[PDB]
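Source file: coords06.tsv (TSV, C-alpha atoms and all ligand atoms)
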chain	number	residue	atom	x	y	z
A	1	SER	CA	57.35	-30.40	65.73
A	2	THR	CA	53.68	-30.27	64.75
A	3	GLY	CA	50.33	-29.51	66.29
A	4	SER	CA	46.74	-30.46	65.45
A	5	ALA	CA	43.59	-29.10	67.10
A	6	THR	CA	39.89	-29.44	66.39
A	7	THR	CA	37.98	-26.21	65.74
A	8	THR	CA	34.23	-26.15	66.48
A	9	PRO	CA	31.44	-23.78	65.32
A	10	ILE	CA	30.11	-21.61	68.15
A	11	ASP	CA	26.49	-21.90	66.95
A	12	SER	CA	24.22	-23.47	64.34
A	13	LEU	CA	25.12	-20.82	61.73
A	14	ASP	CA	28.93	-21.22	61.86
A	15	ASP	CA	29.20	-17.58	62.99
A	16	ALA	CA	32.71	-18.31	64.27
A	17	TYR	CA	34.86	-21.25	65.31
A	18	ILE	CA	36.59	-21.89	68.64
A	19	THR	CA	39.74	-23.94	69.23
A	20	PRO	CA	41.00	-24.98	72.69
A	21	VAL	CA	44.33	-23.44	73.71
A	22	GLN	CA	46.37	-24.33	76.81
A	23	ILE	CA	47.89	-21.29	78.57
A	24	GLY	CA	50.19	-21.36	81.58
A	25	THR	CA	51.34	-23.90	84.14
A	26	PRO	CA	49.27	-25.78	85.16
A	27	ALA	CA	47.39	-25.38	81.92
A	28	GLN	CA	44.37	-23.10	81.75
A	29	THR	CA	42.35	-24.11	78.69
A	30	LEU	CA	40.56	-21.25	76.91
A	31	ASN	CA	38.53	-21.49	73.70
A	32	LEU	CA	39.97	-18.97	71.28
A	33	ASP	CA	38.87	-17.66	67.88
A	34	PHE	CA	41.78	-18.30	65.49
A	35	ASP	CA	41.90	-15.22	63.29
A	36	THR	CA	44.09	-15.04	60.17
A	37	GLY	CA	43.02	-11.38	59.83
A	38	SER	CA	44.70	-10.11	63.02
A	39	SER	CA	47.90	-10.61	64.96
A	40	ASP	CA	47.15	-10.39	68.72
A	41	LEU	CA	46.63	-13.32	71.09
A	42	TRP	CA	44.34	-11.79	73.71
A	43	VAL	CA	42.21	-13.37	76.41
A	44	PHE	CA	39.49	-12.66	78.90
A	45	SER	CA	41.29	-12.61	82.23
A	46	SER	CA	41.14	-12.04	85.97
A	47	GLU	CA	41.94	-8.41	85.05
A	48	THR	CA	38.90	-7.90	82.82
A	49	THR	CA	36.35	-5.42	84.20
A	50	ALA	CA	33.88	-7.65	86.01
A	51	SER	CA	30.76	-6.20	84.37
A	52	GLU	CA	32.28	-7.04	80.96
A	53	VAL	CA	32.63	-10.78	81.68
A	54	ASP	CA	29.49	-12.86	81.09
A	55	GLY	CA	30.24	-16.59	81.03
A	56	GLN	CA	33.68	-16.64	79.41
A	57	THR	CA	36.52	-18.70	80.82
A	58	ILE	CA	39.26	-16.40	82.09
A	59	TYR	CA	43.04	-16.61	82.23
A	60	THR	CA	44.40	-15.88	85.72
A	61	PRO	CA	48.15	-15.19	85.36
A	62	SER	CA	48.69	-15.23	89.13
A	63	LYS	CA	47.83	-18.96	89.09
A	64	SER	CA	50.41	-19.76	86.40
A	65	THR	CA	53.94	-20.46	87.60
A	66	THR	CA	55.34	-19.62	84.15
A	67	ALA	CA	53.55	-16.28	83.69
A	68	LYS	CA	55.65	-13.12	83.72
A	69	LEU	CA	54.38	-9.56	83.39
A	70	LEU	CA	55.82	-7.93	80.27
A	71	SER	CA	56.75	-4.72	82.03
A	72	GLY	CA	55.34	-1.56	80.49
A	73	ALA	CA	53.57	-3.30	77.63
A	74	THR	CA	49.99	-2.45	76.69
A	75	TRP	CA	47.75	-3.30	73.78
A	76	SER	CA	44.59	-1.96	72.17
A	77	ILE	CA	42.84	-3.27	69.09
A	78	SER	CA	39.82	-2.34	66.98
A	79	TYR	CA	38.45	-4.85	64.50
A	80	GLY	CA	36.75	-4.31	61.16
A	81	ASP	CA	33.34	-4.92	62.73
A	82	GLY	CA	33.74	-2.08	65.24
A	83	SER	CA	34.54	-4.26	68.26
A	84	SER	CA	37.58	-3.59	70.42
A	85	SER	CA	39.58	-4.65	73.46
A	86	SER	CA	42.66	-3.52	75.38
A	87	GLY	CA	44.85	-4.35	78.35
A	88	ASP	CA	48.32	-5.36	79.51
A	89	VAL	CA	50.62	-8.24	78.59
A	90	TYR	CA	52.16	-11.35	80.12
A	91	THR	CA	54.48	-13.89	78.61
A	92	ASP	CA	53.59	-17.52	79.28
A	93	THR	CA	53.65	-21.00	77.79
A	94	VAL	CA	50.99	-21.57	75.15
A	95	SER	CA	50.14	-24.89	73.53
A	96	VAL	CA	47.82	-25.63	70.60
A	97	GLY	CA	47.09	-29.22	69.69
A	98	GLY	CA	50.32	-30.51	71.22
A	99	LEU	CA	52.57	-27.74	69.82
A	100	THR	CA	54.14	-25.66	72.61
A	101	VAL	CA	55.60	-22.14	72.49
A	102	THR	CA	57.40	-20.74	75.52
A	103	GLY	CA	57.51	-17.01	76.08
A	104	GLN	CA	54.39	-16.27	74.03
A	105	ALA	CA	52.86	-12.82	74.52
A	106	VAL	CA	49.45	-13.35	76.09
A	107	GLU	CA	47.52	-10.09	75.99
A	108	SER	CA	45.27	-9.85	79.04
A	109	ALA	CA	42.10	-7.84	78.53
A	110	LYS	CA	41.22	-5.11	80.99
A	111	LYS	CA	38.38	-3.87	78.76
A	112	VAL	CA	36.38	-5.53	75.99
A	113	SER	CA	33.57	-4.11	73.88
A	114	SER	CA	29.99	-5.27	74.27
A	115	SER	CA	30.03	-7.72	71.36
A	116	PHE	CA	32.74	-9.73	73.13
A	117	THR	CA	30.94	-9.64	76.48
A	118	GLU	CA	27.72	-10.79	74.81
A	119	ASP	CA	29.38	-13.85	73.25
A	120	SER	CA	29.96	-16.28	76.09
A	121	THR	CA	31.52	-18.93	73.81
A	122	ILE	CA	34.65	-16.97	72.78
A	123	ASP	CA	37.32	-16.55	75.47
A	124	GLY	CA	39.67	-14.50	73.28
A	125	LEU	CA	41.41	-14.38	69.91
A	126	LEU	CA	44.56	-16.02	68.56
A	127	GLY	CA	45.86	-13.93	65.68
A	128	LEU	CA	47.49	-15.63	62.69
A	129	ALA	CA	48.14	-12.68	60.34
A	130	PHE	CA	51.63	-11.20	60.06
A	131	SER	CA	53.31	-9.92	63.21
A	132	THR	CA	53.65	-6.43	61.73
A	133	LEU	CA	49.97	-5.93	62.74
A	134	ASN	CA	50.47	-6.81	66.42
A	135	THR	CA	49.30	-3.93	68.59
A	136	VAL	CA	51.55	-4.36	71.65
A	137	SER	CA	53.37	-1.14	72.56
A	138	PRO	CA	56.15	-0.10	72.96
A	139	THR	CA	57.62	-3.44	71.81
A	140	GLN	CA	55.60	-5.25	69.16
A	141	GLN	CA	55.17	-8.97	69.84
A	142	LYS	CA	55.18	-12.05	67.62
A	143	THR	CA	52.22	-14.27	66.83
A	144	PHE	CA	52.02	-17.86	68.04
A	145	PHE	CA	52.80	-19.05	64.51
A	146	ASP	CA	55.82	-16.77	64.16
A	147	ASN	CA	57.18	-17.99	67.50
A	148	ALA	CA	56.61	-21.66	66.56
A	149	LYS	CA	57.74	-21.44	62.94
A	150	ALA	CA	61.41	-22.33	63.35
A	151	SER	CA	60.54	-25.46	65.35
A	152	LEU	CA	57.88	-26.71	62.95
A	153	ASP	CA	58.62	-29.53	60.53
A	154	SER	CA	57.46	-27.17	57.76
A	155	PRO	CA	56.69	-23.43	58.24
A	156	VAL	CA	52.97	-23.76	57.51
A	157	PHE	CA	49.57	-24.00	59.12
A	158	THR	CA	46.34	-25.22	57.54
A	159	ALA	CA	42.69	-24.32	58.07
A	160	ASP	CA	40.05	-26.98	57.39
A	161	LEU	CA	36.81	-25.41	58.63
A	162	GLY	CA	33.63	-27.48	58.69
A	163	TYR	CA	30.18	-26.62	57.39
A	164	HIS	CA	27.88	-27.05	60.39
A	165	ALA	CA	30.53	-29.41	61.78
A	166	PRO	CA	33.93	-29.37	63.48
A	167	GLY	CA	37.14	-28.99	61.50
A	168	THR	CA	40.88	-28.81	62.09
A	169	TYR	CA	43.80	-26.41	62.42
A	170	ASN	CA	47.17	-28.11	61.79
A	171	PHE	CA	50.62	-26.61	62.39
A	172	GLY	CA	53.81	-27.78	60.69
A	173	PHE	CA	52.46	-30.33	58.21
A	174	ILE	CA	49.97	-30.80	55.39
A	175	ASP	CA	47.52	-33.69	55.94
A	176	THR	CA	47.31	-35.14	52.43
A	177	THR	CA	44.22	-37.14	53.44
A	178	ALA	CA	42.21	-34.00	54.23
A	179	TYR	CA	41.57	-32.79	50.68
A	180	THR	CA	40.76	-34.08	47.20
A	181	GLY	CA	42.74	-33.43	44.04
A	182	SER	CA	45.73	-31.10	44.25
A	183	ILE	CA	46.51	-27.88	46.24
A	184	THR	CA	46.95	-24.61	44.24
A	185	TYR	CA	49.67	-22.22	45.63
A	186	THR	CA	48.95	-18.52	44.82
A	187	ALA	CA	51.21	-15.60	45.67
A	188	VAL	CA	50.63	-13.51	48.81
A	189	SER	CA	51.31	-9.84	49.45
A	190	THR	CA	52.23	-9.00	53.05
A	191	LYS	CA	52.24	-5.23	52.40
A	192	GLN	CA	49.13	-4.70	54.56
A	193	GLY	CA	50.00	-7.40	57.11
A	194	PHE	CA	47.31	-9.80	55.82
A	195	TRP	CA	47.24	-13.06	53.88
A	196	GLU	CA	46.37	-11.03	50.80
A	197	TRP	CA	46.07	-12.74	47.39
A	198	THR	CA	44.39	-12.35	44.00
A	199	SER	CA	41.50	-14.58	42.85
A	200	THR	CA	41.20	-15.25	39.07
A	201	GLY	CA	37.41	-14.76	38.95
A	202	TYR	CA	34.03	-16.19	39.80
A	203	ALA	CA	30.91	-17.95	38.61
A	204	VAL	CA	27.32	-17.92	39.89
A	205	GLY	CA	25.62	-21.31	39.95
A	206	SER	CA	26.07	-23.13	36.66
A	207	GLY	CA	26.89	-19.88	34.87
A	208	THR	CA	30.00	-19.13	32.87
A	209	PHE	CA	33.17	-18.27	34.73
A	210	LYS	CA	34.09	-14.58	34.64
A	211	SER	CA	37.85	-14.07	34.51
A	212	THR	CA	38.66	-11.02	36.63
A	213	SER	CA	41.33	-10.20	39.26
A	214	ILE	CA	39.73	-9.95	42.71
A	215	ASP	CA	42.30	-8.91	45.37
A	216	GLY	CA	41.31	-9.93	48.95
A	217	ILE	CA	42.37	-11.45	52.27
A	218	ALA	CA	41.98	-14.97	53.61
A	219	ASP	CA	40.37	-14.23	57.00
A	220	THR	CA	39.22	-17.04	59.30
A	221	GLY	CA	37.99	-14.44	61.80
A	222	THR	CA	35.34	-13.01	59.44
A	223	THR	CA	32.11	-15.00	59.04
A	224	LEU	CA	30.99	-13.95	55.56
A	225	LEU	CA	32.36	-13.49	52.03
A	226	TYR	CA	32.72	-9.78	51.15
A	227	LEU	CA	33.27	-9.03	47.45
A	228	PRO	CA	32.89	-6.11	45.03
A	229	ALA	CA	29.35	-4.79	44.56
A	230	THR	CA	29.30	-5.88	40.90
A	231	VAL	CA	30.03	-9.50	41.84
A	232	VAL	CA	27.57	-9.54	44.74
A	233	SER	CA	24.79	-8.01	42.60
A	234	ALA	CA	25.36	-10.69	39.97
A	235	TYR	CA	25.03	-13.41	42.61
A	236	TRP	CA	21.84	-12.16	44.26
A	237	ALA	CA	20.18	-11.41	40.92
A	238	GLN	CA	19.89	-15.21	40.57
A	239	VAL	CA	17.76	-15.47	43.74
A	240	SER	CA	14.12	-14.50	43.27
A	241	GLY	CA	13.09	-11.86	45.76
A	242	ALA	CA	16.59	-11.10	47.02
A	243	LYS	CA	17.31	-7.42	47.72
A	244	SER	CA	19.85	-5.22	49.49
A	245	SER	CA	18.16	-3.66	52.57
A	246	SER	CA	19.44	-0.36	54.15
A	247	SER	CA	17.81	-0.95	57.61
A	248	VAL	CA	19.02	-4.63	57.98
A	249	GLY	CA	22.45	-3.75	56.51
A	250	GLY	CA	23.01	-6.13	53.51
A	251	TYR	CA	21.43	-8.55	51.09
A	252	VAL	CA	18.34	-10.63	52.23
A	253	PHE	CA	16.24	-13.19	50.24
A	254	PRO	CA	13.05	-15.19	50.86
A	255	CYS	CA	13.81	-18.00	53.47
A	256	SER	CA	11.94	-20.30	51.00
A	257	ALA	CA	14.56	-19.81	48.27
A	258	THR	CA	17.11	-22.37	47.11
A	259	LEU	CA	20.47	-20.59	46.75
A	260	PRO	CA	22.86	-21.15	43.84
A	261	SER	CA	26.47	-22.07	44.42
A	262	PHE	CA	29.29	-19.53	44.06
A	263	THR	CA	32.65	-20.46	42.52
A	264	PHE	CA	35.90	-18.52	43.00
A	265	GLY	CA	39.13	-18.97	41.07
A	266	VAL	CA	42.55	-19.83	42.48
A	267	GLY	CA	44.73	-19.70	39.33
A	268	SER	CA	43.31	-22.14	36.98
A	269	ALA	CA	41.60	-24.05	39.81
A	270	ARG	CA	38.05	-23.50	41.07
A	271	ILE	CA	36.58	-23.68	44.58
A	272	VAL	CA	32.79	-24.21	44.72
A	273	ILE	CA	30.83	-22.81	47.67
A	274	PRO	CA	27.52	-24.74	47.85
A	275	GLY	CA	24.38	-22.63	48.00
A	276	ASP	CA	23.52	-23.85	51.49
A	277	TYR	CA	26.77	-22.33	52.81
A	278	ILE	CA	25.43	-18.87	51.84
A	279	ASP	CA	22.28	-19.14	54.01
A	280	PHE	CA	22.69	-17.35	57.37
A	281	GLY	CA	19.00	-18.05	58.19
A	282	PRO	CA	16.27	-15.65	59.50
A	283	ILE	CA	17.23	-11.92	60.08
A	284	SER	CA	15.43	-12.17	63.50
A	285	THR	CA	13.72	-15.11	65.19
A	286	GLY	CA	10.68	-16.23	63.23
A	287	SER	CA	11.29	-13.93	60.25
A	288	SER	CA	10.60	-15.30	56.70
A	289	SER	CA	13.45	-13.03	55.32
A	290	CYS	CA	16.93	-14.76	55.38
A	291	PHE	CA	20.37	-12.91	55.68
A	292	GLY	CA	22.89	-13.67	52.84
A	293	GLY	CA	26.41	-15.04	53.24
A	294	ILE	CA	27.85	-13.06	50.32
A	295	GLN	CA	27.84	-9.29	50.93
A	296	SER	CA	29.35	-6.19	49.36
A	297	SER	CA	32.82	-5.05	50.44
A	298	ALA	CA	32.18	-1.55	49.09
A	299	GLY	CA	32.09	-0.02	52.59
A	300	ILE	CA	35.06	-2.01	53.95
A	301	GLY	CA	37.95	-1.01	51.69
A	302	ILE	CA	39.11	-4.60	51.11
A	303	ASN	CA	37.58	-7.83	49.84
A	304	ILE	CA	37.40	-10.57	52.50
A	305	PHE	CA	37.42	-14.32	51.86
A	306	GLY	CA	35.88	-15.17	55.22
A	307	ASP	CA	34.59	-18.44	56.61
A	308	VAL	CA	31.86	-18.81	53.95
A	309	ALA	CA	34.61	-19.14	51.33
A	310	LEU	CA	37.34	-20.81	53.38
A	311	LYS	CA	35.11	-23.62	54.72
A	312	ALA	CA	34.61	-24.81	51.14
A	313	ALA	CA	38.36	-25.50	50.90
A	314	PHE	CA	41.42	-26.97	52.56
A	315	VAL	CA	43.61	-23.88	52.96
A	316	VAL	CA	47.40	-23.81	53.39
A	317	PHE	CA	48.97	-20.73	54.98
A	318	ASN	CA	52.76	-20.76	54.18
A	319	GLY	CA	55.01	-18.56	56.48
A	320	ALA	CA	58.26	-19.20	54.56
A	321	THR	CA	60.29	-16.21	53.21
A	322	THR	CA	58.23	-16.30	49.92
A	323	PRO	CA	54.71	-16.63	51.35
A	324	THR	CA	51.93	-18.29	49.52
A	325	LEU	CA	48.43	-19.53	50.06
A	326	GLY	CA	47.22	-22.93	48.90
A	327	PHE	CA	43.62	-23.98	48.20
A	328	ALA	CA	42.26	-27.48	47.57
A	329	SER	CA	38.75	-28.83	47.26
A	330	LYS	CA	37.69	-31.34	49.90
B	1	LIG	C1	48.26	-19.39	41.21
B	1	LIG	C2	49.60	-18.87	40.76
B	1	LIG	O1	49.72	-18.11	39.80
B	1	LIG	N1	50.63	-19.24	41.47
B	1	LIG	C3	51.91	-18.61	41.24
B	1	LIG	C4	53.00	-19.37	41.97
B	1	LIG	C5	52.82	-19.32	43.47
B	1	LIG	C6	54.07	-19.82	44.16
B	1	LIG	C7	55.10	-18.96	44.48
B	1	LIG	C8	56.28	-19.43	45.02
B	1	LIG	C9	56.43	-20.77	45.28
B	1	LIG	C10	55.41	-21.64	44.98
B	1	LIG	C11	54.23	-21.17	44.43
B	1	LIG	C12	51.89	-17.13	41.63
B	1	LIG	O2	50.93	-16.71	42.32
B	1	LIG	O3	52.84	-16.43	41.22

Take the structure in the file and write it out as structure tokens.
Ligand SMILES: CC(=O)N[C@H](CCc1ccccc1)C(=O)O
Amino acid sequence: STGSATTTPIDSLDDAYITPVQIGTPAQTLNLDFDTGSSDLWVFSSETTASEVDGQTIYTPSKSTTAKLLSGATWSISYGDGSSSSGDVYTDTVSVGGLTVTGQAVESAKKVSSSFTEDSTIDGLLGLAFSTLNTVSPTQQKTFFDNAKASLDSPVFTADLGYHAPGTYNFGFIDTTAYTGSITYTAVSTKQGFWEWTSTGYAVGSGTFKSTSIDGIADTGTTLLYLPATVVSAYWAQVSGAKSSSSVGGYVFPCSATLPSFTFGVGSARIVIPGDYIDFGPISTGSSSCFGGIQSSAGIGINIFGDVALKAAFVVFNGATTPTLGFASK
């Protein structure tokens, strides 16, 4: 089997992407944030505290003839950005782009933090990291991809995120028309539960490529590119007037600047992020200071190849016994 679904930016900045997901019988379609940095499929629901729902579409398990309470199971998650959610668990039928999994754990939110409430466009998350990170207790649950893997034509999914445009998530096949040149497969460590890999270096604009091992995660659920402070300083030094601000909380540059590209290495291959992808526009409405798309990871503990990086590539996630990541230009 295979599946194919369009993923759409939630706003004009590509802050996140939503993909429609069918849950239950009859189907209830919710727009979920596919997140290769986490491993829970959780949704706003009829159980979510009413004051914490503000425009999201909710899953109502009592209206699904295939829903079953997973007795005793609870979940609770905290994300790298400080947001969080928690609740109980049902199993139900879940379909993405024509690919159906029966018995998928659907984590129903009883509580969500304010950042989720305040974002009316995201109805929940669909985690695509390794199932060892799933938070369901006392019996950890499998991700949608892990449940589908055995049925797929090939045990892979691909992320093809658009710049200011829709893109595609495919399951079970590699669309050879969706990229240019060849795909580069790099080794993955699953020791932390992430799609963790090692980049062979970087360049700023037309500058020389610096060969250096940069170990990070491929994370579709993170907006920006977070890299070591040395790398980030080298990038922003090429933008007149750019500075790191303590009050704002990262690098900012004049909104009148033209940004240089940023290249990252995947083996001997190179992925080029155009300068425009690094512009996250005014810090506040009407401001002439713009917020940068490449930021320091120094306070995170891990480097993160988020959407800024991934949208410049066609990315293959391989869930076979030897995992690997693939990157192609497009
Ligand atoms: C970029 C690079 O060095 N790739 C190699 C092979 C990556 C690989 C591993 C297994 C099967 C196919 C491909 C590596 O990371 O070890």

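Separating atom CA of residue 155 of chain A from atom CA of residue 33 of chain A is a distance of 21.1 Å.
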
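Within 8 Å of segment 18-27 of chain A, once only C-alpha atoms are used and residues closer than 3 positions along the same chain are dropped, the contacting residues are residues 5, 6, 7, 8, 9, 10, 30, 31, 32, 33, 34, 59, 61, 63, 64, 65, 66, 67, 92, 93, 94, 95, 96, 97, 121 and 122 of chain A.
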
| message | Would you compute the distance between atom CA of residue 320 of chain A and atom CA of residue 188 of chain A? Give it in Å to one decimal. | response |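 Distance between the two atoms: 11.1 Å.
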
Padding 4 Å on each side, edges along x, y and z: where is the centre of the box around the listed atoms of ligand LIG 1 (chain B), and how long are its edges in Å to one decimal? Output it as lines of an AutoDock Vina configuration file.
center_x = 52.3
center_y = -19.0
center_z = 42.5
size_x = 16.2
size_y = 13.2
size_z = 13.5

Taking all atoms listed in the file into account, list the residues no farther than 6 Å from ligand LIG 1 (chain B), as an mmCIF file with C-alpha atoms, keeping the file's coordinate frame.
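part.cif, freshly written:
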data_model
loop_
_atom_site.group_PDB
_atom_site.id
_atom_site.type_symbol
_atom_site.label_atom_id
_atom_site.label_comp_id
_atom_site.auth_asym_id
_atom_site.auth_seq_id
_atom_site.Cartn_x
_atom_site.Cartn_y
_atom_site.Cartn_z
ATOM 1 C CA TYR A 185 49.670 -22.220 45.630
ATOM 2 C CA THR A 186 48.950 -18.520 44.820
ATOM 3 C CA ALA A 187 51.210 -15.600 45.670
ATOM 4 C CA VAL A 266 42.550 -19.830 42.480
ATOM 5 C CA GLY A 267 44.730 -19.700 39.330
ATOM 6 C CA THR A 324 51.930 -18.290 49.520
#

Within 7 Å of segment 128-143 of chain A, counting only C-alpha atoms, which residues show up once you throw out same-chain ones fewer than 3 positions away? Write them as a PDB file with C-alpha atoms, in the coordinates of the input, please.
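Output saved as around-v2.pdb:
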ATOM      1  CA  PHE A  34      41.780 -18.300  65.490  1.00  0.00           C
ATOM      2  CA  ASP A  35      41.900 -15.220  63.290  1.00  0.00           C
ATOM      3  CA  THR A  36      44.090 -15.040  60.170  1.00  0.00           C
ATOM      4  CA  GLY A  37      43.020 -11.380  59.830  1.00  0.00           C
ATOM      5  CA  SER A  38      44.700 -10.110  63.020  1.00  0.00           C
ATOM      6  CA  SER A  39      47.900 -10.610  64.960  1.00  0.00           C
ATOM      7  CA  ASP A  40      47.150 -10.390  68.720  1.00  0.00           C
ATOM      8  CA  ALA A  73      53.570  -3.300  77.630  1.00  0.00           C
ATOM      9  CA  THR A  74      49.990  -2.450  76.690  1.00  0.00           C
ATOM     10  CA  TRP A  75      47.750  -3.300  73.780  1.00  0.00           C
ATOM     11  CA  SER A  76      44.590  -1.960  72.170  1.00  0.00           C
ATOM     12  CA  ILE A  77      42.840  -3.270  69.090  1.00  0.00           C
ATOM     13  CA  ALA A 105      52.860 -12.820  74.520  1.00  0.00           C
ATOM     14  CA  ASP A 146      55.820 -16.770  64.160  1.00  0.00           C
ATOM     15  CA  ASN A 147      57.180 -17.990  67.500  1.00  0.00           C
ATOM     16  CA  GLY A 193      50.000  -7.400  57.110  1.00  0.00           C
ATOM     17  CA  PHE A 194      47.310  -9.800  55.820  1.00  0.00           C
ATOM     18  CA  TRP A 195      47.240 -13.060  53.880  1.00  0.00           C
TER      19      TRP A 195
END

| said: Need the shell around residue 159 of chain A: protein/DNA/RNA residues with any atom at most 9 Å away, counting all atoms listed in the file. Skip same-chain ones fewer than 2 positions apart. Format as a VMD selection string? | reply: chain A and resid 157 161 167 to 170 220 310 to 311 313 to 317

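Taking atom CA of residue 290 of chain A and atom CA of residue 302 of chain A as the two end points, the separation is 24.8 Å.
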
| said: So that I can see what lies close to residue 58 of chain A, please list as an MDAnalysis selection string the residues with an atom at most 10 Å from it, counting all atoms listed in the file and leaving out residues fewer than 5 positions away in the same chain. | reply: chainID A and resid 28:31 43:48 53 108:109 123:124

| query | Skipping near chain neighbours, those fewer than 6 positions away, what residues fall within 8 Å of residue 236 of chain A using all atoms listed in the file, listed as a ChimeraX atom specification? | reply | /A:242-243,251

Could you dump the residues just selected with C-alpha atoms as a tab-separated table (two decimals), keeping the file's coordinate frame?
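The result, written out as result-v5.tsv:
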chain	number	residue	atom	x	y	z
A	242	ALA	CA	16.59	-11.10	47.02
A	243	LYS	CA	17.31	-7.42	47.72
A	251	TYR	CA	21.43	-8.55	51.09

| said: My list of candidates is A:154, A:144, A:119, A:222. Which is closest to residue 56 of chain A when distances are computed with only C-alpha atoms? | reply: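 Of A:154, A:144, A:119, A:222, the one nearest residue 56 of chain A is A:119, counting only C-alpha atoms.
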
| message | Please return as an NGL selection string every residue within 12 Å of (20.4, -13.2, 41.5), taking into account only C-alpha atoms and the file's own coordinates. | response | :A and (203-205 or 207 or 230-244 or 251-253 or 257-262 or 292 or 294)

| request: Between A:120, A:284, A:184, A:104, single out the one closest to residue 145 of chain A, counting only C-alpha atoms. | output: A:104

| field | Among the residues A:79, A:116, A:90, A:280, the one that comes closest to residue 11 of chain A [using only C-alpha atoms] | value |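 For residue 11 of chain A, the nearest of the candidates is A:280.
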
Supply segment 319-330 of chain A as an mmCIF file, in the frame of the given file, with N, CA, C and O atoms built in where the input has gaps.
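New file result02.cif:
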data_model
loop_
_atom_site.group_PDB
_atom_site.id
_atom_site.type_symbol
_atom_site.label_atom_id
_atom_site.label_comp_id
_atom_site.auth_asym_id
_atom_site.auth_seq_id
_atom_site.Cartn_x
_atom_site.Cartn_y
_atom_site.Cartn_z
ATOM 1 N N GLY A 319 54.231 -19.654 55.874
ATOM 2 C CA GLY A 319 55.010 -18.560 56.480
ATOM 3 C C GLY A 319 56.506 -18.614 56.180
ATOM 4 O O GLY A 319 57.308 -18.088 56.980
ATOM 5 N N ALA A 320 56.875 -19.220 55.065
ATOM 6 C CA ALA A 320 58.260 -19.200 54.560
ATOM 7 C C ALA A 320 58.557 -17.818 53.977
ATOM 8 O O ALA A 320 57.652 -17.068 53.652
ATOM 9 N N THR A 321 59.830 -17.530 53.728
ATOM 10 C CA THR A 321 60.290 -16.210 53.210
ATOM 11 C C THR A 321 59.521 -15.783 51.952
ATOM 12 O O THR A 321 59.322 -14.602 51.852
ATOM 13 N N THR A 322 59.180 -16.661 51.006
ATOM 14 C CA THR A 322 58.230 -16.300 49.920
ATOM 15 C C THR A 322 56.882 -16.834 50.411
ATOM 16 O O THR A 322 56.776 -18.037 50.487
ATOM 17 N N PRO A 323 55.927 -16.029 50.919
ATOM 18 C CA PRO A 323 54.710 -16.630 51.350
ATOM 19 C C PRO A 323 53.755 -16.949 50.213
ATOM 20 O O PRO A 323 53.704 -16.290 49.245
ATOM 21 N N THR A 324 52.940 -17.918 50.482
ATOM 22 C CA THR A 324 51.930 -18.290 49.520
ATOM 23 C C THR A 324 50.766 -18.873 50.312
ATOM 24 O O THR A 324 50.798 -18.961 51.563
ATOM 25 N N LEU A 325 49.639 -18.849 49.630
ATOM 26 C CA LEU A 325 48.430 -19.530 50.060
ATOM 27 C C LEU A 325 48.171 -20.698 49.129
ATOM 28 O O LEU A 325 48.411 -20.598 47.923
ATOM 29 N N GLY A 326 47.662 -21.784 49.684
ATOM 30 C CA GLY A 326 47.220 -22.930 48.900
ATOM 31 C C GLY A 326 45.750 -23.243 49.157
ATOM 32 O O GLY A 326 45.289 -23.165 50.291
ATOM 33 N N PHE A 327 45.025 -23.586 48.097
ATOM 34 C CA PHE A 327 43.620 -23.980 48.200
ATOM 35 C C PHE A 327 43.421 -25.317 47.499
ATOM 36 O O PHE A 327 43.836 -25.493 46.348
ATOM 37 N N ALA A 328 42.726 -26.240 48.170
ATOM 38 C CA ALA A 328 42.260 -27.480 47.570
ATOM 39 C C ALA A 328 40.776 -27.663 47.863
ATOM 40 O O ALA A 328 40.275 -27.219 48.897
ATOM 41 N N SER A 329 40.081 -28.329 46.954
ATOM 42 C CA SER A 329 38.750 -28.830 47.260
ATOM 43 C C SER A 329 38.838 -29.962 48.279
ATOM 44 O O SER A 329 39.900 -30.542 48.510
ATOM 45 N N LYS A 330 37.709 -30.263 48.918
ATOM 46 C CA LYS A 330 37.690 -31.340 49.900
ATOM 47 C C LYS A 330 36.354 -32.043 49.966
ATOM 48 O O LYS A 330 35.450 -31.722 49.198
#
